[PDB]
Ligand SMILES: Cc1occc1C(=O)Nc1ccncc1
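Presented as structure tokens, the chain that follows is alone, the form deposited without the named molecule.
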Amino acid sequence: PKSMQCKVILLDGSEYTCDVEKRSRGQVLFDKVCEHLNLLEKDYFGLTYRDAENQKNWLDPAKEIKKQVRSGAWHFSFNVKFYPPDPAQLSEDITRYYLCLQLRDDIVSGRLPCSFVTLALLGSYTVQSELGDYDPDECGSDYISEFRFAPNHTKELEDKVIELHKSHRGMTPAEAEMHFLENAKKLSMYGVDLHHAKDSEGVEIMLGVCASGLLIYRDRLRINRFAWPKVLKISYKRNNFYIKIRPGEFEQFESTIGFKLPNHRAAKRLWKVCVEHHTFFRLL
């Protein structure tokens, strides 16, 4: 029974290695990683791989690993797939812990833009969780944390993290992680998966997929939002992504908005993440 070596980048930046039978479905590997992580609330997470075009793809747990990674290495990342709109409602602290690690990467990466003050507040909760109560012994006027807090670090940001850290004395890791999440969840790009597209006129837009629905970012002024209760249906055909929108009350016919994606695989990928978000967040 022939087994393939799998390497998984975990959210703390470490590598987990295991073997699975070469015809294994993605669920097999996912269950191994979640068991390793002592994670029970698995529904919010998934594994990603990089395709031959270097795009992030979700490993479908129902399909053979080999028919997804195809010619590529059996190398994966463990990630949050469905960002909960209300992390306080997760049943376990360890779930909230992995969600914090994902969000810290979302922030450092620049995927999740954040004000100076929110970067410092989020950083101060991470420090409280990881080091516990503020200690001046590991902090002179020239302190710079090992912790990555932001896409670009400044001495002013380091200083503000420490000032807020001082205010958190007695806070437990679970408490600091909950505070991190109560702040992070309000950011306008929290749990937004962004896809480059062109509108029907050929203007470059971004399409966002999240818990609430679909967002079209035309520019900083003019963002169209389609709550899942407003989207009737979605479709991909060749390079084309189409969204069908319900009519307003006392109007006969749904409207269609068409988008042009880079290639057929990018159209399919957007369609699949939309269907998955719609299913998940219809039910949740």
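Note that residue numbering follows the sequence shown and begins at 1.
Quick note: we don't show the form deposited with the named molecule bound, though the next part is all about it.
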At 2.4 angstroms from backbone or C-beta atoms, do at least 3 atoms of the named molecule clash after superposing the site C-alphas onto the pose in the deposited complex, making the site blocked, or is it open?
blocked
Is there a heavy atom of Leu284 lying 4.5 Å or less from a heavy atom of the named molecule in the deposited complex?
yes
With a 4.5 Å heavy atom cut-off, would you call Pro85 a contact of the named molecule in the deposited complex?
yes
Although the partner isn't part of this model, could you tell me whether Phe259 comes within 4.5 Å of the named molecule in the deposited complex, counting any heavy atom of the residue?
no
Taking the named molecule as it sits in the deposited complex, is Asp43 near enough to touch it, meaning that at least one heavy atom pair lies within 4.5 angstroms?
yes
